[PDB]
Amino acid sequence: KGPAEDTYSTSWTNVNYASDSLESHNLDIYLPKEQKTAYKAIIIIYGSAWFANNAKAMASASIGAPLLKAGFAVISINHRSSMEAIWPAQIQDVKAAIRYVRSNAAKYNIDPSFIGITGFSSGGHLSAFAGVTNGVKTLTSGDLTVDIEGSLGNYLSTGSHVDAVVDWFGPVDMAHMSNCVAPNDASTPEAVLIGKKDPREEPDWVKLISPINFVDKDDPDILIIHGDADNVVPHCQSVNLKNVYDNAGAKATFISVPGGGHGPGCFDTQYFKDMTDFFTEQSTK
């Protein structure tokens, strides 16, 4: 459970970041084995089609070790299930976790001058969504307004911005999920996220769950990694995100994994190195 014991010198597990009693608002913190005065931080988020509220250990086991070996503190967070709270609960959870880490950095030997964020599938969606809403309190489409920043926890005065994003095959363009050209029907995970409505009938909801719509020239840099044989979230999603970053004047690096699946082929030394090199380069810029 979690990252290999020899990858970290210090661990805090099941730290609640929302000042409540919900496991969906817990996180785990790991500091690298290589001891140092303070550590730049990476927040990681599991994928689960937004359904899981307790899988932070899976994320740590999946991509925690390379980050620790690269010298970063790793914070793996839970978020609430789409089945217990609809959008924007999940991004409000992420924002609250970010505020908790930034505010409490000193207590955990964390250097708050760099906080990156990364996740796979729905965790990549949440990571990208944080990276397109630095400094953004609310978003509106038509008559619908969602509170992105939220009011969860006891660190509301702390900033919730992230400095860099790594998006592992995240669903980010739900207007173009079905056959890469249309919204999915009410049977699908994004339908649950928006309250079990039919995405094909809810253009405002679909816009407000899709971070591709809010990319701006001033966004933090992003690294996008997607397998060209992903049979769960289509490659077109990351192609589209890169095109939007390119056309918005923002900075995106897109790495396509040949033969890569929804994880398989992607979680290997080469692309872990791409992620840790990216975060390391960003940590200095």
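All residue numbers are counted from 1 along the displayed sequence.
As recorded in the PDB entry, 136-144 is the stretch of 136-144 and 203-211 with the greater mean C-alpha temperature factor. Mean C-alpha B-factor is higher over 36-44 than over the other stretch, the pair under comparison being 36-44 and 240-248.
Of all the options 27, 257, 222, 70, the entry's greatest CA B-factor is assigned to 70. The entry assigns its greatest Cα B factor, within the set 113, 76, 127, 82, to 113. When the modelled residues of the chain are ordered by C-alpha B-factor, residue 15 sits in the middle third.
Remark: residue 119 belongs to the lowest third of its chain, ranked by C-alpha B-factor as recorded.
Sort the modelled residues of the chain by CA B factor and residue 87 lands in the middle third. Sorting the modelled residues of the chain by their CA temperature factor places residue 189 in the middle third. Placement of the Cα temperature factor of residue 182 within the chain: middle third of the modelled residues, per the deposited record.
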